[PDB]
Every structure is written in C-alpha cells, then in structure tokens.
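Heads up: the structure comes next, in structure tokens.
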Amino acid sequence: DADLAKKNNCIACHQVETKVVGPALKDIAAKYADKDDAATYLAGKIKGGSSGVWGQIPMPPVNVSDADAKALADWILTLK
Ligand code: HEC
C-alpha cells in the first residue's frame with residue numbers, strides 16, 4: 001500500500017500521480033493493465049532492476065522480500 005511503498009523508499013523516486021525520477025505509479029498501472037501476469041512481471045522489475053522502459057535513468061534493484069515485491073506490484077496495478 002502507500003505505507004509499504006514509503007517504508008521501502010519507493011516514494012523517494014516515484015509518486016502516484018506525477019513523474020519524479022521513475023514514472024508515475026498510475027502510469028505503470030495503466031501501461032500494464034492488460035499485460036498478462038503483470039504483477040509477476042512488475043515484481044521482478046522491482047527486485048531485479050529496470051533500464052530503458054521509461055527513459056534513461058535505471059531503477060536499481062530493490063532489496064525487498066518476495067511477498068513485499070508482490071504486494072507492491074498488486075497495489076500498483078490498483079492505481080489506475
Ligand atoms: C530511484 C532511486 C528509484 C527507486 C528508489 C525506486 N524506483 Fe522504481 N523506477 C525508477 C526509475 C528511474 C524507473 C524507470 C526505469 C526504466 O526502465 O526506465 C523505475 C521503474 C519502476 C517500475 C516500472 C518497471 C517497468 O518495467 O515498467 C516500477 C514498477 C517501479 N519502478 C516500482 C518501484 C517500487 C515498488 C519501488 C520501491 C520498492 C521503487 N520502484 C523504487 C526509480 C526508482
């Protein structure tokens with residue numbers, strides 16, 4: 001939820017409505033709204049890192065547990 005994202009520092013670089021360093025969380029949610037297994041894809045982006053999907057700054061891998069990355073992913077998809 002928002003608190004889990006704040007706790008795991010997502011919000012230093014992301015906001016729900018606006019682009020900060022990474023894209024707006026609602027834009028991710030909208031982009032992947034019809035991707036199959038979106039949440040599994042996103043959870044692996046959160047843990048594994050990201051480059052080039054939204055611009056030139058890469059997202060570092062985030063050290064979160066499997067359950068928190070999945071929960072962050074599920075929550076993000078609700079944001080559209
Ligand atoms: C800056 C230091 C970041 C922190 C801390 C987190 N994210 Fe991030 N994110 C950042 C950038 C610069 C980008 C764009 C990367 C790119 O490919 O251009 C992203 C991307 C994401 C994504 C989208 C991945 C995709 O394939 O579309 C997600 C879902 C994402 N970031 C989520 C996320 C969460 C949940 C974080 C806290 C654990 C978090 N990020 C940290 C920059 C940064």
Side-chain angles (χ1 to χ4, degrees):
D1 59 356
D3 284 350
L4 192 62
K6 268 163 217 141
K7 164 65 187 270
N8 287 95
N9 296 302
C10 304
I11 290 165
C13 287
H14 295 274
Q15 302 289 319
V16 164
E17 240 151 82
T18 53
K19 157 142 197 290
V20 184
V21 178
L25 298 178
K26 78 178 202 326
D27 287 335
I28 303 175
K31 178 181 175 60
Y32 300 110
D34 302 298
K35 183 186 225 283
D36 51 30
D37 289 312
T40 281
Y41 168 78
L42 292 183
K45 301 319 279 304
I46 291 148
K47 290 197 84 159
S50 203
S51 174
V53 174
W54 295 85
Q56 69 174 345
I57 297 165
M59 181 166 149
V62 202
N63 156 39
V64 286
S65 69
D66 296 346
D68 284 351
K70 171 51 161 143
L72 283 165
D74 286 339
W75 169 63
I76 289 163
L77 299 166
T78 79
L79 291 175
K80 68 163 224 149

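By convention here, the first residue in the shown sequence is residue 1.
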Note to self: Cation-pi check for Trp54 against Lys19: NZ or CZ below 6.0 Å from the six-membered ring centre and within 45 degrees of the axis, yes or no?
What the structure shows: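 Pair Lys19/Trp54 does not count as cation-pi.
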If you measure from [atom1] on [X] to [atom2] on [Y], what distance do you get to the nearest 0.5 Å?
X	Y	atom1	atom2	answer
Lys26	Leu79	NZ	CG	9.5 Å
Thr18	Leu25	OG1	CG	9.0 Å
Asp1	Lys6	CG	NZ	8.0 Å

Quick one: closest heavy-atom pair of [X] and [Y], and the distance?
X	Y	answer
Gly48	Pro61	O-CG, 3.5 Å
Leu42	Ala73	CB-CB, 3.8 Å
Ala69	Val64	CB-CG2, 3.6 Å
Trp75	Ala5	CZ3-CB, 3.5 Å

Checklist line | Partner set under side-chain hydrogen bond (donor to acceptor under 3.5 Å, both in side chains) for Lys47, not counting sequence neighbours | finding: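 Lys47: side-chain hydrogen bond (donor to acceptor under 3.5 Å, both in side chains) contacts with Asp66.
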Check: What pairs with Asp74 under side-chain hydrogen bond (donor to acceptor under 3.5 Å, both in side chains), at least two apart in sequence or on another chain?
Finding: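 For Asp74 the side-chain hydrogen bond (donor to acceptor under 3.5 Å, both in side chains) partners, ignoring immediate neighbours, are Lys70.
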Notebook entry, point to check: Counting heavy atoms not belonging to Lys7, are there more than 12 under 6.0 Å from its NZ?
Noted result: no
Next item on the list: Spell out, as yes or no, whether a donor-acceptor pair under 3.5 Å connects the side chain of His14 to the backbone of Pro23.
Entry: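 The answer is yes, because a donor-acceptor pair under 3.5 Å joins these two groups.
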Note to self: Against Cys10, only a single residue in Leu4, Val62, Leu72, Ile76 fulfils side chain to side chain contact (heavy atoms under 4.5 Å, CB included); can you say which?
What the structure shows: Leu72
